[PDB]
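Remarks on the structure that follows.
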């Protein structure tokens with residue numbers, strides 16, 4: 001029943017500051033270590049550091065010490081990860097993960113958060129434009145947005161089988177674009193309602209689009 | 001600072017195969033080692049802690065062993081949902097460095113792409129641009145060739161499906177409204193080894 005819910009994706013210009021927060025429920029928050037894992041684009045996992053929220057004792061990797069701050073507010077079951085000035089190379093996905101202990105104890109990260117996508121760019125945020133892919137297979141074309149990521153669902157998550165959301169491609173315009181499709185029986189094209197729910201946190205934009213055949 | 005190496009960096013095996021991945025530390029770490037599984041677009045999952053101790057909820061086909069410098073992760077019977085990236089981690093001393101990771105793909109029978117095509121929306125046209133999409137659904141292997149002929153494109157490809165181990169590809173042909181209005185027939189040709197002959201899916205403007 002333990003679940004960690006991290007804050008939404010963000011976009012910041014280089015030099016700016018940033019605090020990302022993970023909210024923890026399900027267990028005694030002040031009893032177990034919590035850590036931050038960093039994953040650069042197309043790269044493996046990096047162990048950044050951990051904090052015991054009980055006494056705010058922190059243990060960094062030497063590669064992040066003085067570059068980043070790990071803190072915790074045990075009054076609201078929340079941990080934080082903070083930068084003074086963001087570098088371009090700080091662009092990554094940042095995971096929050098409880099470091100449980102097992103019977104010089106045996107430490108391991110058993111529970112993880114969904115993650116927080118951080119994009120460091122001088123480019124300004126753009127919300128997406130959503131067009132229908134009229135049909136059997138049907139979909140939604142999400143175009144001209146910045147920066148990653150968007151998330152697409154169908155019928156508020158009620159439609160999962162046969163859904164395929166493609167990795168975004170970077171158009172020459174410097175904007176992203178991706179499509180999400182689903183396959184459904186051709187008999188349901190006139191009897192069922194198909195809506196894609198596109199969600200772009202960096203632009204505070206959420207789009208619902210109903211797809212109809214031509 | 002402890003360094004970790006895993007081998008192989010990537011492997012492909014068919015359903016039912018026995019697969020072993022190895023982790024090697026720069027120093028002796030006894031049994032202080034963990035294994036994690038990360039499926040594409042998802043957050044990582046604890047599989048094994050203390051070198052051999054299986055995490056609750058994890059399927060019995062996963063097993064781990066080793067001590068000192070060399071550890072192994074073993075999947076007794078590969079499932080199609082087991083196609084994921086696998087990391088090791090040392091829990092002896094901070095920092096708790098991870099391993100480089102190993103990509104595990106799945107080998108299946110050759111499947112041919114179901115090919116669809118979507119003409120641009122009338123809403124999109126009034127915005128200035130025109131994007132034509134060709135979709136290749138549930139095929140294998142990942143290699144495939146798409147060509148747009150009318151008589152400036154971009155492709156994307158999903159990861160291996162966790163249920164049927166197939167891939168899926170999209171190709172988006174993008175023009176300006178002016179250039180789109182100047183031609184009649186749009187078609188995508190698809191060559192694949194599961195296809196005995198090239199498949200062409202086309203449309204004429206207007207319906």
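Output the Cα-based Rg and Dmax of region B:142-206 in Å, rounding Rg to one decimal and Dmax to a whole number.
My reading of the Cα-based Rg and Dmax gives 14.3, 43 Å.
Which percent of Cα pairs goes in each bin when the distances of region B:82-201 are cut into 5 angstrom slices starting at zero?
For region B:82-201, the pair-distance distribution reads 2, 10, 17, 15, 13, 11, 9, 7, 6, 4, 3, 2, 1, 0.
Please report the orientation-averaged projected area of region A:123-214, defined via the convex hull of its C-alpha atoms, in nm².
Quarter of the Cα hull surface area: 5.8 nm².
How big is the equivalent ellipsoid of region A:1-122 along its three axes, where each semi-axis is √(5λ) from the Cα gyration tensor, reported in whole Å from largest to smallest?
Each semi-axis is the square root of five times an eigenvalue, giving 24, 15, 14 Å.
Quick one: go through region B:113-135 and flag any residue whose amide nitrogen is under 16 Å from the point 7 Å out along the Cα-to-Cβ line of residue B:178.
Zone members listed by number: B:126-130.
At 7 Å along Cα-to-Cβ for each site, give me the label-to-label distance between residue B:123 and residue B:195 in nm.
Placing both labels 7 Å along Cα→Cβ, they lie 3.0 nm apart.
When all C-alpha to C-alpha distances in chain A are sorted into bins of 5 Å, what percent of pairs does each bin hold, rounded to whole numbers?
It works out to 1, 7, 13, 16, 15, 13, 12, 10, 7, 4, 2, 1, 0, 0, in whole percents.
Per residue and in cubic angstrom, what volume does the convex hull of the Cα atoms of the protein assembly as shown have?
Here the figure is 154 Å³ per residue.
Starting from the Cα of residue A:114, step 7 Å along the direction of its Cβ; do the same at residue A:31; then give the gap between the two resulting points in nm.
Distance between label points: 2.7 nm.
So, in Å, what gap is there between the alpha-carbon centers of region A:48-102 and region B:25-99?
Each part reduced to its Cα centre gives a spacing of 23 Å.
Of all the C-alpha pairs in region B:59-98, what % are more than 10 Å from each other?
Every Cα pair in region B:59-98 considered, those over 10 Å come to 78 percent.
When the helix-only estimate is applied to chain B (DSSP H runs of n ≥ 4, each -39,500 (n - 2.57), divided by the residue count), what is the mean residue ellipticity at 222 nm, nearest 500 deg cm²/dmol?
Mean residue ellipticity at 222 nm (helix-derived): -500 deg cm²/dmol.
For chain B, count the residues as N, evaluate 2.2 N^0.38 Å, and divide the Cα radius of gyration by that value, please.
1.39
FYI the Cβ positions are ideal-geometry reconstructions off the backbone, even for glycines, and counts take in every protein chain you see. Bear in mind these aren't lab numbers, they're just calculated from the coordinates by the rules spelled out.
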